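Just the one chain here, the form deposited in one PDB entry, laid out as structure tokens.
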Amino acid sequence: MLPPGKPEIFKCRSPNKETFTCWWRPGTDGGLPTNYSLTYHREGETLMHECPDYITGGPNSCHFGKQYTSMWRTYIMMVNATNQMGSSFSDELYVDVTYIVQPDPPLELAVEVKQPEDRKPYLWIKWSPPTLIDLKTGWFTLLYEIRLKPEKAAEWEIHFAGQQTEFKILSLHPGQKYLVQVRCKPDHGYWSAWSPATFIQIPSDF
């Protein structure tokens, strides 16, 4: 017999400044929603629009594909939760895509021990950007950080790699195994999750 509780759009994220997704949750202490409707309008327009894609983003999600996403223009959005008994609206949320950018982790992290001849040996680390970022036209700019540690060390060593997709680390400990990860952020935005580790045995003859 209860109408749904008040829902809340609690997260939006853009992985690449070309699309974005928002996620909402129920407002417990109400009945079970049988439908949700997310609507929004844009700054400097009057037209009200509906979520264009309720599927792609999974449960309780609105995904905005490329044809619905633009930068430097606020989205004013709201979700309602309805059942047979009534309905409830979230607060309005003000979202600008420019400020919600967090990339996926970089890909293909690979590590190699390099021993030249009389001249410091080193660890060579290489990786690729996340897929679906447009670095080539300069639409998107990515910066990177590596971290590495042997098991049981209390602190990770962090190296800022700037915009390179490779890096060289000199002073490792001979005989030690290292866990290595990489993460990236836009020029202006949030760090990605760290990539899964790649593992590297640094040989005794270092």
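What we label the rigid core is the largest C-alpha set whose atoms superpose within 1.5 Å from one form to the other. Just count from 1 along the sequence shown to find any residue number.
Engineer: Would you determine, from the values in the PDB entry, which of 114-122 and 100-108 has the greater average C-alpha temperature factor?
Structural biologist: Between 114-122 and 100-108, it is 114-122 that shows the higher mean C-alpha B-factor.
Engineer: Comparing 43-51 with 144-152, which stretch shows the greater average C-alpha B-factor in the deposited entry?
Structural biologist: Stretch with the higher mean C-alpha B-factor: 43-51.
Engineer: Between 62, 169, 161, 180, which carries the biggest CA temperature factor in the record?
Structural biologist: When the deposited C-alpha B-factors of 62, 169, 161, 180 are compared, 169 is largest.
Engineer: Within this chain, which third does the Cα B-factor at residue 185 fall in: lowest, middle or highest?
Structural biologist: Lowest third, going by the recorded CA B-factors of the chain.
Engineer: Please place residue 138 in the lowest, middle or highest third of its chain according to the CA B-factor in the PDB entry.
Structural biologist: Answer is lowest: the recorded C-alpha B-factor places it there.
Engineer: Thinking about Cα B factors across the chain, which third does residue 11 belong to?
Structural biologist: It falls in the middle third of the chain.
Engineer: Considering every modelled residue of the chain and its Cα B-factor in the PDB entry, is residue 85 in the lowest, middle or highest third?
Structural biologist: Top third by C-alpha B-factor.
Engineer: How does residue 28 rank on Cα B-factor within its chain, lowest, middle or highest third?
Structural biologist: As the PDB entry reports it, the C-alpha B-factor of residue 28 lands in the highest third of its chain.
The same protein also has a form deposited in another entry, omitted here; what follows describes it.
Engineer: Does residue 49 move its CA by 2 angstroms or more between the shown form and the other one when the core is aligned?
Structural biologist: Shift at residue 49: 2 Å or more after core fit.
Engineer: Does the distance between the two CA positions of residue 73 reach 2 Å or more between the shown form and the other one, the core being superposed?
Structural biologist: No; that C-alpha moves by less than 2 Å between the shown form and the other one.
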